[PDB]
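In the form deposited in one PDB entry, a lone chain appears below as structure tokens.
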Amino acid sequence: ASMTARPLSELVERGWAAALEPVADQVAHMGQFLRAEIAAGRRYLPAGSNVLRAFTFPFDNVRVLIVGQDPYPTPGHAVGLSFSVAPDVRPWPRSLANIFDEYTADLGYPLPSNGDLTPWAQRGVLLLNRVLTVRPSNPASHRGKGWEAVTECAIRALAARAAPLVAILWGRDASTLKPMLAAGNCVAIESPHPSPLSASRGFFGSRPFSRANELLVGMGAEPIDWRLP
């Protein structure tokens, strides 16, 4: 079942499997790393079957990617889509509450009913983290353990498609993908991360949702429907 045991052709959507072929061995290696963590009595989030969830929506349909740092550190929050929580989760994580405050300020929409960002993933938004696992209660605990080559490969593969792309890069780890978006079909929006620690330094007022749609329209691409129920 794990990414140690089974090939990309089974774990992810067909387009993503071909896109991530250069990091096939690296993905299996990450499988081995998580096995070794369980063997040692350390835990990881999200659940193994959710780790590559962002690549289970069609590669060919991605128009925008949102890139965070790493998954939520609290058990019951991370679901393998960056910033998303399961429909029954309340309260929202403070990062997500901050995203929803900018979402209302930018778009004029009411607060969403819940924290499930599945609609965005279904409408061509890739919900990526630079690093795809974390040890509970220890943010950035799996930084530099091999995920960066996988998320680099994903961005590089998206950018090489003969299709417009807009990247929303939230925080310092996300912004290390900026050099791979240099090509003329690609444009990056960068801001500080919506985490309480950083959000007051430029996240609030950044209007990422409306600016991504302006950037798409200007490249001849259809805008994202951001409206959550």
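The term rigid core refers to the maximal set of C-alpha atoms that superpose within 1.5 Å between the two forms. Quick note: we count residues from 1 along the sequence shown, nothing fancier. Only residues modelled in both forms are compared.
If you look for the form deposited in another entry, you will not find it shown, but the lines that follow are about it.
- Core superposition between this form and the one not shown leaves every listed residue (61, 26, 185, 56) with a C-alpha shift below 2 angstroms except 185.
- Annotation: Cα of residue 199 displaced by at least 2 Å between this form and the one not shown, core superposition.
- Core-superposed comparison between this form and the one not shown: the CA of residue 174 exceeds or equals a 2 Å shift.
- Cα of residue 174 to Cα of residue 38: at least 3 Å longer in that other deposited form than in the shown structure.
- Compared with the form shown here, the Cα atoms of residue 140 and residue 192 move at least 3 Å farther apart in that other deposited form.
- Once both forms are overlaid on their core, the residue ranges between this form and the one not shown with Cα shifts reaching 2 Å in three or more consecutive positions are 171-175, 183-201.
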